[PDB]
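Below is one structure; the comments refer to it alone.
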There are 2 protein chains.
Amino acid sequence: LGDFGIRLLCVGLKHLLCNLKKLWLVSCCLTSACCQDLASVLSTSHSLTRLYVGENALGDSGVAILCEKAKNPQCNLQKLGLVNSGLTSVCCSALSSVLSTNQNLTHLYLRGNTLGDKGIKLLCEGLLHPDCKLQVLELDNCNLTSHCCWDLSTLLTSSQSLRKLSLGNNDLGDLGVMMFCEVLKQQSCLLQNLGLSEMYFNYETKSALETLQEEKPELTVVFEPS
Amino acid sequence: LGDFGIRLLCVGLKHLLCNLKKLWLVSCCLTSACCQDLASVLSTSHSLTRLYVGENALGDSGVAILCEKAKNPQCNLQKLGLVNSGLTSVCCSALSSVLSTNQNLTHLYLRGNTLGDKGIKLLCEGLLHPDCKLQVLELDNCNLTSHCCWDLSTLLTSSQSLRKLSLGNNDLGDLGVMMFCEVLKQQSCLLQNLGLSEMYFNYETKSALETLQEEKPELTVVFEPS
């Protein structure tokens, strides 16, 4: 269902009496060209809350379009599946704007996007905003490294809305993770799965993670690979 | 004084009654080809203790040659200036062998060599050896990152011979440095300049470094850039 298919599909999505709530357009050979129509659906639709458009060519220039309308505080978007969209840090300022302004957005899935450390810093500007209500943030293969741990650490204790943070298959660094343990103990509200899957650590780090689960029993799970 | 010049120079260096102790061949348009002759000088010379051959094309394949003779426990080499020699982690196993076996080697200067984290791991195998007597190790622009901090941390407290460690212009990470502070306090003998020059840190890290100097007064200096 390439870009043209979306132009046609959006005819129904923007239509009155269209009560569709969840729409998956994952891997539909889409490009940023279709974002102009999807953005309109997000703006006008009274019912669409779950939009999954990852595994597409909706790169930074595409997300910026979706964000221009998704940032509207009256938008009903709750879950945004911009997974393997080929995003870079370039559009994280747009995602940040949406996170900051759109109080209805509770789940954002960015895995597969090579956002790097710059992207995390930009997202944090929104995530740490008092009006951000994001609960679940997924950051697996996002090409992150240890230099972003200070910003992720900030989110772990400073974001009062965040509940889950699915860090994953990226070379984050085991030392960085040990820092997370120390800060999470400081009354963090991040009680859901912390990810860190497919991420390997030395002994001291693994010990720290096991300790965290015991010392902070309100935490659902670390979910180490071994 | 290219490789040929060295072949001629070594005639005097290998000669009896040649009491030369310090020789600088820095930036002399040398390649690994000359190492065959320099290595012979190191093996036979009764007086040469200071050999500086950096800023040359004496890459990994060149160092391996020098190491083959410098590793000899009867070698009089004390300072080895393999600075900007264009070395990679490939020859660090050779340098490790020298550090482990040659008890007369007290200063090793590797700045400018893109050794990376793999190089540090390999050097540590030698540096942490009970027979290693190295006192000064220079690692400035060595293309290191935060993933080597566990091995450097081990070096900081486990090597009883090391006195100075000139970490420098590399993106080591400020979190990594904070770890160094914590371990140095554990009766480290590394009381000389810790380098970390031209390396910029966040507030918490700078505070930790200033604290280290106050809490561990036997430490000569951290030497932060600001």
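We name chains A, B, ... following the order of the structure tokens; residues begin at 1 in each chain, and ligands are numbered from 1 as shown.
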Give me the residues of chain A that have any atom at most 9 Å from an atom of chain B; for each, the nearest atom pair and the distance in Å, rounded to one decimal. Use only C-alpha atoms, sort by chain and number, and format it as CSV.
```
residue,atom,partner,partner_atom,distance
A:146,CA,B:146,CA,7.1
A:147,CA,B:173,CA,6.7
A:149,CA,B:175,CA,8.7
A:150,CA,B:175,CA,8.3
A:173,CA,B:147,CA,6.7
A:174,CA,B:147,CA,8.4
A:175,CA,B:176,CA,7.5
A:176,CA,B:175,CA,7.6
A:179,CA,B:175,CA,8.7
```
| task | Might you pull out every residue within 9 Å of residue A:67, with only C-alpha atoms counted and same-chain residues fewer than 5 positions away left off, and present them as a ChimeraX atom specification? | result | /A:39,62,72,91,94-95,97-98
Take the residues just selected and output them with N, CA and C atoms as a PDB file, in the first residue's frame.
```pdb
ATOM      1  N   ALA A  39      -0.803  12.886   8.335  1.00  0.00           N
ATOM      2  CA  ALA A  39      -0.805  13.983   9.281  1.00  0.00           C
ATOM      3  C   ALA A  39      -2.189  14.611   9.364  1.00  0.00           C
ATOM      4  N   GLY A  62       9.761  12.996   6.983  1.00  0.00           N
ATOM      5  CA  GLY A  62       8.401  12.478   7.032  1.00  0.00           C
ATOM      6  C   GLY A  62       7.815  12.683   8.416  1.00  0.00           C
ATOM      7  N   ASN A  72      -0.339  19.001  17.856  1.00  0.00           N
ATOM      8  CA  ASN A  72      -1.544  19.714  18.233  1.00  0.00           C
ATOM      9  C   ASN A  72      -2.155  19.048  19.466  1.00  0.00           C
ATOM     10  N   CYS A  91      15.002  14.706  13.312  1.00  0.00           N
ATOM     11  CA  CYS A  91      13.579  14.863  13.596  1.00  0.00           C
ATOM     12  C   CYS A  91      13.250  14.687  15.065  1.00  0.00           C
ATOM     13  N   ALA A  94      11.379  17.448  16.477  1.00  0.00           N
ATOM     14  CA  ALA A  94       9.977  17.408  16.095  1.00  0.00           C
ATOM     15  C   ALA A  94       9.226  16.459  17.013  1.00  0.00           C
ATOM     16  N   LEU A  95       9.852  15.325  17.319  1.00  0.00           N
ATOM     17  CA  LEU A  95       9.265  14.356  18.231  1.00  0.00           C
ATOM     18  C   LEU A  95       9.187  14.960  19.621  1.00  0.00           C
ATOM     19  N   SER A  97       8.819  18.137  20.326  1.00  0.00           N
ATOM     20  CA  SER A  97       7.708  19.072  20.313  1.00  0.00           C
ATOM     21  C   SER A  97       6.393  18.343  20.542  1.00  0.00           C
ATOM     22  N   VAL A  98       6.224  17.201  19.881  1.00  0.00           N
ATOM     23  CA  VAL A  98       5.003  16.427  20.049  1.00  0.00           C
ATOM     24  C   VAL A  98       4.871  15.917  21.472  1.00  0.00           C
TER      25      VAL A  98
END
```
Polymer residues at most 10 Å from residue B:129, only C-alpha atoms, same-chain spacing of 6 or more positions, as a PDB file with N, CA and C atoms, in the first residue's frame:
```pdb
ATOM      1  N   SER B  96      52.912  -5.544  24.830  1.00  0.00           N
ATOM      2  CA  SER B  96      52.576  -6.233  26.063  1.00  0.00           C
ATOM      3  C   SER B  96      53.682  -7.197  26.445  1.00  0.00           C
ATOM      4  N   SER B  97      54.176  -7.946  25.461  1.00  0.00           N
ATOM      5  CA  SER B  97      55.263  -8.881  25.693  1.00  0.00           C
ATOM      6  C   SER B  97      56.488  -8.154  26.224  1.00  0.00           C
ATOM      7  N   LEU B  99      56.578  -5.202  27.787  1.00  0.00           N
ATOM      8  CA  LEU B  99      56.288  -4.683  29.114  1.00  0.00           C
ATOM      9  C   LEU B  99      56.394  -5.766  30.173  1.00  0.00           C
ATOM     10  N   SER B 100      55.901  -6.952  29.846  1.00  0.00           N
ATOM     11  CA  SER B 100      55.927  -8.085  30.756  1.00  0.00           C
ATOM     12  C   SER B 100      57.338  -8.605  31.026  1.00  0.00           C
ATOM     13  N   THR B 101      58.135  -8.768  29.970  1.00  0.00           N
ATOM     14  CA  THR B 101      59.455  -9.385  30.097  1.00  0.00           C
ATOM     15  C   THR B 101      60.590  -8.408  30.398  1.00  0.00           C
ATOM     16  N   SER B 158      45.532  -1.977  40.028  1.00  0.00           N
ATOM     17  CA  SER B 158      46.182  -3.284  40.040  1.00  0.00           C
ATOM     18  C   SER B 158      47.672  -3.234  39.715  1.00  0.00           C
ATOM     19  N   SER B 159      48.109  -2.257  38.921  1.00  0.00           N
ATOM     20  CA  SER B 159      49.526  -2.176  38.591  1.00  0.00           C
ATOM     21  C   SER B 159      50.278  -1.444  39.682  1.00  0.00           C
ATOM     22  N   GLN B 160      51.187  -2.151  40.337  1.00  0.00           N
ATOM     23  CA  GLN B 160      51.895  -1.594  41.479  1.00  0.00           C
ATOM     24  C   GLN B 160      53.136  -0.839  41.038  1.00  0.00           C
ATOM     25  N   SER B 161      53.463  -0.953  39.757  1.00  0.00           N
ATOM     26  CA  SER B 161      54.647  -0.312  39.206  1.00  0.00           C
ATOM     27  C   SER B 161      54.330   1.050  38.605  1.00  0.00           C
TER      28      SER B 161
END
```
| request: For residue B:74, list every protein, DNA or RNA residue within 9 Å, evaluated using only C-alpha atoms, and leave out those in the same chain fewer than 6 positions away; present the list as a VMD selection string. | output: chain B and resid 43 102 to 104
Write out, as a compact mmCIF listing (two decimals), in the first residue's frame, the residues just selected, with N, CA and C atoms.
```
# COMPACT_ATOMS: atom_id res chain seq x y z
N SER B 43 69.19 -4.67 21.07
CA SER B 43 69.69 -5.94 21.57
C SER B 43 71.14 -5.88 22.02
N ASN B 102 60.58 -7.25 29.76
CA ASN B 102 61.68 -6.30 29.92
C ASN B 102 61.47 -5.45 31.16
N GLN B 103 62.19 -5.79 32.22
CA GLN B 103 62.00 -5.14 33.52
C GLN B 103 62.71 -3.80 33.58
N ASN B 104 63.41 -3.45 32.51
CA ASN B 104 64.13 -2.19 32.48
C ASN B 104 63.32 -1.09 31.82
```
| Shell of 9 Å around residue B:45, only C-alpha atoms, local chain residues under 5 positions omitted, as number ranges by chain | B: 13-16, 18-20, 40, 75-76
Selection to disk with N, CA, C and O atoms, as a PDB file, in the first residue's frame:
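part_34.pdb was written with the following content:
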```pdb
ATOM      1  N   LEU B  13      76.099   2.785  16.285  1.00  0.00           N
ATOM      2  CA  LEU B  13      75.327   2.471  17.483  1.00  0.00           C
ATOM      3  C   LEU B  13      75.643   1.073  18.000  1.00  0.00           C
ATOM      4  O   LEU B  13      75.649   0.836  19.207  1.00  0.00           O
ATOM      5  N   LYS B  14      75.931   0.156  17.085  1.00  0.00           N
ATOM      6  CA  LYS B  14      76.263  -1.219  17.443  1.00  0.00           C
ATOM      7  C   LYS B  14      77.751  -1.381  17.742  1.00  0.00           C
ATOM      8  O   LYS B  14      78.218  -2.481  18.034  1.00  0.00           O
ATOM      9  N   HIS B  15      78.508  -0.303  17.594  1.00  0.00           N
ATOM     10  CA  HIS B  15      79.954  -0.360  17.724  1.00  0.00           C
ATOM     11  C   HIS B  15      80.397  -0.336  19.177  1.00  0.00           C
ATOM     12  O   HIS B  15      79.792   0.327  20.022  1.00  0.00           O
ATOM     13  N   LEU B  16      81.480  -1.033  19.466  1.00  0.00           N
ATOM     14  CA  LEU B  16      82.051  -0.986  20.795  1.00  0.00           C
ATOM     15  C   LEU B  16      82.558   0.417  21.059  1.00  0.00           C
ATOM     16  O   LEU B  16      82.925   1.136  20.132  1.00  0.00           O
ATOM     17  N   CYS B  18      80.773   2.802  21.838  1.00  0.00           N
ATOM     18  CA  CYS B  18      79.702   3.752  21.604  1.00  0.00           C
ATOM     19  C   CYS B  18      78.865   3.850  22.862  1.00  0.00           C
ATOM     20  O   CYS B  18      78.158   2.913  23.221  1.00  0.00           O
ATOM     21  N   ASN B  19      78.968   4.974  23.551  1.00  0.00           N
ATOM     22  CA  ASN B  19      78.345   5.116  24.858  1.00  0.00           C
ATOM     23  C   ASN B  19      77.062   5.922  24.796  1.00  0.00           C
ATOM     24  O   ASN B  19      76.578   6.412  25.814  1.00  0.00           O
ATOM     25  N   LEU B  20      76.509   6.065  23.603  1.00  0.00           N
ATOM     26  CA  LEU B  20      75.297   6.845  23.440  1.00  0.00           C
ATOM     27  C   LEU B  20      74.186   6.264  24.300  1.00  0.00           C
ATOM     28  O   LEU B  20      73.949   5.056  24.280  1.00  0.00           O
ATOM     29  N   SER B  40      68.340  -4.370  16.382  1.00  0.00           N
ATOM     30  CA  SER B  40      69.654  -4.943  16.628  1.00  0.00           C
ATOM     31  C   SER B  40      70.436  -4.068  17.586  1.00  0.00           C
ATOM     32  O   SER B  40      71.146  -4.571  18.458  1.00  0.00           O
ATOM     33  N   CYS B  75      67.911  -6.435  27.615  1.00  0.00           N
ATOM     34  CA  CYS B  75      67.922  -5.191  26.856  1.00  0.00           C
ATOM     35  C   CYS B  75      67.941  -4.011  27.819  1.00  0.00           C
ATOM     36  O   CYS B  75      67.310  -4.058  28.874  1.00  0.00           O
ATOM     37  N   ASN B  76      68.687  -2.965  27.471  1.00  0.00           N
ATOM     38  CA  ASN B  76      68.870  -1.823  28.363  1.00  0.00           C
ATOM     39  C   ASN B  76      67.859  -0.710  28.123  1.00  0.00           C
ATOM     40  O   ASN B  76      67.956   0.361  28.714  1.00  0.00           O
TER      41      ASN B  76
END
```
Please give the complete set of residues from stretch 35-206 of chain B that DSSP, run on the backbone, assigns to strand (DSSP E or B), formatted as a compact mmCIF listing (two decimals) with C-alpha atoms, in the first residue's frame.
```txt
# COMPACT_ATOMS: atom_id res chain seq x y z
CA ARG B 50 66.31 6.15 25.54
CA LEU B 51 64.95 5.48 22.06
CA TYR B 52 62.46 7.92 20.55
CA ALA B 57 55.77 5.15 9.52
CA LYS B 79 62.22 4.78 27.54
CA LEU B 80 60.46 3.90 24.31
CA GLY B 81 59.09 6.86 22.37
CA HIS B 107 58.52 4.84 30.20
CA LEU B 108 56.33 4.12 27.17
CA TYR B 109 54.82 6.89 25.05
CA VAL B 136 55.01 6.10 32.96
CA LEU B 137 52.46 5.35 30.29
CA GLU B 138 51.27 8.06 27.90
CA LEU B 139 47.92 7.59 26.15
CA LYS B 164 51.95 8.13 35.92
CA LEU B 165 49.22 7.69 33.32
CA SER B 166 48.83 10.49 30.84
CA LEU B 167 45.36 9.93 29.46
CA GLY B 195 46.49 13.53 32.32
```
| request: List every residue of stretch 116-157 of chain A that DSSP, applied to the backbone of this structure, places in helix (DSSP H, G or I), and write the result as number ranges by chain. | output: A: 116-127, 146-157
| Residues within 6 Å of residue A:193, only C-alpha atoms, excluding chain neighbours under 6 positions, as a PyMOL selection string | chain A and resi 164+220-222
| field | Which residue of B:117, B:68, B:60, B:151 approaches residue B:36 most closely, using only C-alpha atoms | value |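 So, comparing all the options, the nearest one is B:68.
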| field | Nearby residues (only C-alpha atoms) at most 9 Å from residue B:143, same-chain spacing under 3 positions excluded, as number ranges by chain | value | B: 112-117, 140, 169-172
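Closest to residue B:180 among B:141, B:73, B:85, B:155 is B:155, based on only C-alpha atoms.
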